[PDB]
């Protein structure tokens, strides 16, 4: 009988899309960004060189493609969005009211991130005459865009461009000037690969570049030109055409970039420059992660970033209609990005795929560069490629940095510093850019301490308050391994006599992995490290490096009734873990003594076990350890850890365990929760409850002795509860789900706590896209009925910005149950005054009363 109210305290900070334009309609260039289910408008100030957030809107959907377009003779850029509805939307930002005005919303399919229903891909004619929304398979739709007598945008009926058994890697509109608009697609047919049982067709089928031409005269779309590719490419770039450029497309692939154009244009290929003395795996390829174009009335250039984070500048050499060669020049090195934007007034906005985002000022475009520029004209054989050495940035200067908590991998709320109010300790970031951050509030303030690898879990020492963090990353080198790899490279490269001095210069060159990426290599290599960190000072009190293929996944600090009140730290570690397909050698449990007031790890022993220990949980002088699908009780021996009790009937794989009294709550990777009883008298573990639904539970929190709240891999929250006075000696007990909700972001940490002292007790969660949310219980049913009415009214009168149905959205994988969306309720203050008055009098009060009610429920926490 619990009813919750959901509120976002810190919205998502991880950017998935970013596009720049003249959305204000003035000189100013703004950037709209899609972070998860949020659409934001930002204005970079050219004077101070710092980015400001002008607008934030919760759209209650899944933005899959974001694009900007403009019509001929226009002054403002529109925003076309494809989402998880069956709808394409076109919006215009009105600066007079600081809002996103929905200009058009056209329906074509069903909701969800479906396979054959368009929404994933968006392309637009470079002149703004048409726009194609495309699914990954089969169906594509083209809409014709025009204006009317009052200069109001108008959209036509859709035109079908379907082709069965056809995948889509990417699609972009080709600059054909003012001819019939054309869209270039990267496709691949699977019809032959499916009907052949040997595998000849699957290996022989190849990606194709096709051109859909929109005949405006006859008003239809035709599959005109299609050509295979000897190299499989990942995305396309439109090169300018018509008057100020040669029409065509650039195709980025693995280890190459190609230029192609329909007609008698020879394909111009060029290999991608690889790094000088790269520590990566030699048999691992290289692709581009994102692109960006900038047009002048004199020239135009492209910017492309590699997996390594190296940004190259690309230019095309012009001989009238045809192009002669592709030229490339190493520009700089920034963290790997999902989107880049080259504004005017010399500013580059980089939206990192993880971690903080940045804005730089362009000092020099690298034209008067002494560094070598490469070209397709330079000849070579045997497939050997062009080389270059990365260098600290000088073409760009860091003018602004935007904090991004994405991706949050672990969180703990506690008052470690005696501030009398708790703080949020968040293990987030990724790779060398990982960080442990302390958040306060009085939006949050944050302080960040860098980390080596991606943090997985961390526990708190009760007496010392320090944190025991474990950081693990896949296909990465350990410190000793990268040192010995550097040594082997230097010793192998001198055989061919200045190579000695060159090797000295190479070894003395330790580029920060924080900027130039971590030298990552292998299929099943695992870099893992344990560290002990003070929560107030960023200093680390001790660090333990592990073997080259040992990957930590679980940590816990506790005492043992076997020994005295001295502490201990257990770490579970997989050995030789392969992710796809999954295969592992086994697991180890490291036992450290943790001496010197929680500042020094003292190794004791190292116990082998059948599979990876995924969860460690203290349990009344013993510990509870999950090894694969086995649940075990371990006591501390003097030469190893000795099993005392085991259960082998868990469904698939234990990911976490929490204990209340003698009840054990086991999280399965797929089959939801399982309630197990430990009978102390007989020393046996008995399964006595499970769930009626499957859940890919990521984290969980104990509400009471009968109730458990959990989070899903698919961005869901649920609350399940056992029937009253369930007996643990009778089995076949099923739990009923008393709460279901879809956050829209994948939650990885749930914790029941009170953020302000003495106030309300609530349920705080953290999402993988850097979001902080809260669920609060309702004091009285009066308020509950009020907010239910508010929710239904806002659903009917303020529908989600991208055509999604709010009720259907919050019921993505299960029908919503006993949650009120406060993020939707608080959009009451952004409606039109007449709608506010109407829905207020329907609530039998004034708009200020409704506002005050929302404000007090938010301050209550």
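Positions refer to the first chain, counted from 1.
Would you mind checking whether any residues of the deposited sequence sit unmodelled between residue 442 and residue 443, and how many (none, 1 to 3, 4 to 9, 10 or more)?
A long stretch, 10 or more residues, is missing between them.
Gap size between residue 496 and residue 497, counting deposited residues with no coordinates: none, 1 to 3, 4 to 9, or 10 or more?
Gap between residue 496 and residue 497: 4 to 9 residues without coordinates.
On mean C-alpha B-factor from the PDB entry, just flag whether 592-600 or 624-632 is the higher one.
Taking the mean B-factor of the alpha carbons in each, 592-600 is higher.
I need to verify one thing: averaged over C-alpha atoms only, is the B-factor higher for 211-219 or for 713-721?
It is 211-219 that shows the higher mean C-alpha B-factor.
Which listed residue, 103, 483, 168, 351, has the largest C-alpha temperature factor in the record?
Highest C-alpha B-factor among the listed residues goes to 483.
Select one of 695, 284, 110, 663: the residue whose C-alpha shows the highest B-factor in the crystal structure entry.
Top of the list by C-alpha B-factor: 284.
Looking at the temperature factor on the CA atom of residue 30, which third of the chain's modelled residues does it land in?
Middle third.
How does residue 331 rank on Cα B-factor within its chain, lowest, middle or highest third?
Answer is highest: the recorded C-alpha B-factor places it there.
Looking at the entry's B-factor column for C-alpha atoms only, identify whether residue 255 ranks in the lowest, middle or highest third of its chain.
Highest third.
Going by what the PDB entry lists, where does residue 676 fall on CA B-factor within its chain: lowest, middle or highest third?
CA B-factor rank for residue 676: lowest third.
Please place residue 608 in the lowest, middle or highest third of its chain by C-alpha B factor as given in the entry.
For residue 608, whose C-alpha B-factor we compare with every modelled residue in the chain, the answer is the middle third.
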